[PDB]
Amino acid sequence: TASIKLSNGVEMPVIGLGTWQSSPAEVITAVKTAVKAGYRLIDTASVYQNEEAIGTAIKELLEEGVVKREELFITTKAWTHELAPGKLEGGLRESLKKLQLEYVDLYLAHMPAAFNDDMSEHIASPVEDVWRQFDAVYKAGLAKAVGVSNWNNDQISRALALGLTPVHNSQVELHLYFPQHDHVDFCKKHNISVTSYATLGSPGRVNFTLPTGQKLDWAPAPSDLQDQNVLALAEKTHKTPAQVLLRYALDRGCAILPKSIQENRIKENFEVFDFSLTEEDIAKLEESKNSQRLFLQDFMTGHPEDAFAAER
């Protein structure tokens, strides 16, 4: 299994199944298809409300003898209300119950901003206090590694400065049209692994279908998948545009989480280990200089720990 070695020695598969776009019913089929295809990492979150289904999927995989627990890397994330003082452990234990696991391989703060139950009120808990809870669950053995998602460099630095368990991973939006050069360089400096979500960028096609259901010809849409350099490299390597975008992120030194839920796409996204991109190739793909954050997570607007406050 191709993996990245975390600062504490834990090996994390470089490619995993992102489940943020999967319902409980769709995720079961998606997880089993991915694992049978070769995927060894499953990424979920308490807020997706699909952990129970994933637990069932894993259970079936184990009974079928497809894989053993030790061969799978499971990542989950605490939502905003679970980040509040003294609420993390309870949240993690609940996720473990749904997943039917004794521990998770990686546990992340889904955001840096705490909220109450219905997110009607901000809870001004500094990221330092949030991280102390992660340090605790890590030491308790409930998570083999801990990290953050959607945090900015300053927030991560504040967590590191505490001198507790280091941040092992940072999961952020990262794709050709939002390179995150600064964040990746920052993480590399502090030995923090980086996981890219939304690796395939924005919608690359617009489909036309008649009421009868008859499918007509599609049209390209402005996106990473339609970038001229991407299309050119795909043709030259005999790979698909999507595979090129995934390889781009991998060779940038990141782990990836393609969201595809369709059987054929899940299989397609895994076929990215028969080639690699050189520094020249990477530079060529970045020539358009297009850069724009697609996931603004604007519900954080006004919160003292809004990671993107400067962009509001």
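Residue positions are given as counts along the sequence shown, with the first one as 1.
As the entry records it, the average C-alpha temperature factor is higher for 112-120, out of 167-175 and 112-120. When the two stretches 193-201 and 217-225 are set side by side, the higher mean Cα temperature factor goes to 217-225. The PDB entry assigns its highest CA temperature factor, among 61, 45, 256, 245, to 61. Per the PDB entry, 209 shows the highest C-alpha temperature factor of the residues 209, 152, 80, 76. In the deposited entry, the Cα temperature factor of residue 67 places it in the highest third of its chain's modelled residues. The PDB entry assigns residue 18 a C-alpha temperature factor belonging to the middle third of its chain's modelled residues. For residue 125, the recorded CA B-factor ranks within the middle third of the chain. Only modelled residues enter the ranking. Ranked within its chain, residue 133 lands in the lowest third, by CA B factor from the PDB record. Among all modelled residues in its chain, residue 284 ranks in the middle third by Cα B-factor.
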